[PDB]
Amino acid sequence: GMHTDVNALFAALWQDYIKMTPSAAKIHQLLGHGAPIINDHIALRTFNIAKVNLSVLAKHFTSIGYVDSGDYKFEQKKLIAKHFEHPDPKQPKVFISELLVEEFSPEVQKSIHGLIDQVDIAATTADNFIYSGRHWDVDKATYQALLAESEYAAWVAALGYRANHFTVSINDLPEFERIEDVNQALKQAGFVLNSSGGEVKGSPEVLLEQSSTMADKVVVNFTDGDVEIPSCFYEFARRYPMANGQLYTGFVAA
């Protein structure tokens, strides 16, 4: 059955995540000097297939005190999502999204169903489910067909059930005030940041600023090949107070 302790769950999720994301292990040490770092959030992904849907993943958190705190729809990416909050403010928010499989070609829908058909339903209630990885055989052509319509779908097909990212709470870092200053320390320590949308996405005026490392790389063992792909980035977020004084809790620019 599922974890009973919130600290143990995140410990196990992080141990799994850093295997894909060595940069996160290094930056965690850099910023915290060996102390634990407060996280703003983690992000998990799935498909809207009953066996593995948003609600199934969410039970791993609502069973140990998380509360449903926000509903989101992302139209362009064909996603719905929710975030969950724990009564202890040291604990990360939990962001869980699911791809709407019906929005894709019949061929992609069949392929995605084919992967999830291989998931043992019993695995979905075990304690390791959210960091259990791949439960399916998948070949390169299947990966490419998914990738042609959805990077999200391809990522889930390649890596399975594992954290997509952890996000450091800049608010809570005792030595830093500004995301720009965290970004500068990261570059000075020899990490490279994603600079596509600009190195900082958002602004104080939209109540949220985020930045990230460039994704590390991992080898995925497809049925017909061993392919190197991007795994995960490590993210950084500063939140700002709304009109009423509480921090903005959303996940894109307000």
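We number the residues from 1 along the sequence you see.
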property: Stretch with the higher entry mean CA B-factor, where the candidates are 52-60 and 26-34; result: 26-34
property: Average Cα temperature factor in the PDB entry - higher stretch of 4-12, 244-252; result: 244-252
property: Options 101, 81, 148, 121 - largest CA temperature factor per the record; result: 148
property: From 42, 200, 229, 67, residue of greatest CA B-factor; result: 200
property: CA B-factor ranking of residue 93, expressed as a third of its chain; result: lowest
property: Cα B factor band for residue 20 (lowest, middle or highest third within the chain); result: highest
property: Ranked against its chain, the third holding the CA B-factor of residue 129; result: lowest
property: Position of residue 85 among the chain's modelled residues by C-alpha B-factor, lowest, middle or highest third; result: lowest
property: Lowest, middle or highest third - CA B-factor, residue 160; result: lowest
